[PDB]
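Since the structure comes first, as structure tokens, the remarks are kept for the end.
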Amino acid sequence: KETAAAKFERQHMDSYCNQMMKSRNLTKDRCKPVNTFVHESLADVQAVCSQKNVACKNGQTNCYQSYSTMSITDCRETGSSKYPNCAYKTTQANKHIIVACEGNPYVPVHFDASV
């Protein structure tokens, strides 16, 4: 088993899109429709677990929003996309991230949104 934290790191850490989505194995069983990569240090992202507590989209209370904006990339599939040619539009932005944190140590296990 990978672990949710490791999966989080695989899917969302990258201190473009077709290639990274391929590299991280997000085009494997299918083309994952959308995914965000974060271009900050792992430590900066992990510290988010002690920042602004906010509700998760699913209604759980263990989500956290970064006090600072962070450099991210949104990968969002194109219409012309078909596996194994999964095709993605890349969109850069600087936004606050919201992640769900769990476990001991208390670390990100889910990317919820950016604002």
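The way I read the labels, and the way they are meant: chains A, B, ... in the order of the structure tokens, residue 1 as the first residue of every chain, and ligand 1 as the first ligand shown, with later ones counted on from there.
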Neighbour list for residue 93 of chain A as a list in words, cut-off 9 Å, only C-alpha atoms, skip fewer than 5 positions in-chain = residues 70, 71, 72, 73 and 74 of chain A
task = Write out as a PyMOL selection string which residues come within 7 Å of segment 78-89 of chain A when counting only C-alpha atoms, dropping same-chain ones fewer than 3 positions away.
result = chain A and resi 17-18+27+30-31+75
Residues just named, written with N, CA and C atoms as a PDB file, in the first residue's frame:
```pdb
ATOM      1  N   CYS A  17       1.336  19.666 -18.084  1.00  0.00           N
ATOM      2  CA  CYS A  17       0.283  18.819 -17.532  1.00  0.00           C
ATOM      3  C   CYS A  17       0.228  17.383 -18.101  1.00  0.00           C
ATOM      4  N   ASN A  18       0.182  17.210 -19.417  1.00  0.00           N
ATOM      5  CA  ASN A  18       0.153  15.841 -19.981  1.00  0.00           C
ATOM      6  C   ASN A  18       1.314  14.987 -19.445  1.00  0.00           C
ATOM      7  N   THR A  27      -2.830   9.125 -15.659  1.00  0.00           N
ATOM      8  CA  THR A  27      -3.427   8.775 -16.933  1.00  0.00           C
ATOM      9  C   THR A  27      -3.515   7.259 -17.110  1.00  0.00           C
ATOM     10  N   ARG A  30      -7.392   5.508 -16.591  1.00  0.00           N
ATOM     11  CA  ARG A  30      -8.284   6.475 -17.188  1.00  0.00           C
ATOM     12  C   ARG A  30      -7.561   7.811 -17.190  1.00  0.00           C
ATOM     13  N   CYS A  31      -8.167   8.824 -17.797  1.00  0.00           N
ATOM     14  CA  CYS A  31      -7.618  10.174 -17.740  1.00  0.00           C
ATOM     15  C   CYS A  31      -8.274  10.835 -16.559  1.00  0.00           C
ATOM     16  N   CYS A  75      -4.281  21.222 -13.879  1.00  0.00           N
ATOM     17  CA  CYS A  75      -4.449  20.387 -15.044  1.00  0.00           C
ATOM     18  C   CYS A  75      -5.922  20.004 -15.148  1.00  0.00           C
TER      19      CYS A  75
END
```
key: Given only C-alpha atoms as the counted atoms, nearest of A:57, A:24, A:32, A:10 to residue 113 of chain A   =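 Of the candidates, the smallest distance to residue 113 of chain A is held by A:57.
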request  = Enumerate the residues of segment 30-71 of chain A with a DSSP assignment of strand (DSSP E), computed from the backbone, and present them as a list in words.
outcome  = residues 34, 35, 36, 37, 38, 52, 53, 54, 63, 64, 65, 70 and 71 of chain A
ask   = So which residues of chain A fall under helix (DSSP H, G or I) by DSSP, listed as a ChimeraX atom specification?
value = /A:4-12,17-23,42-50
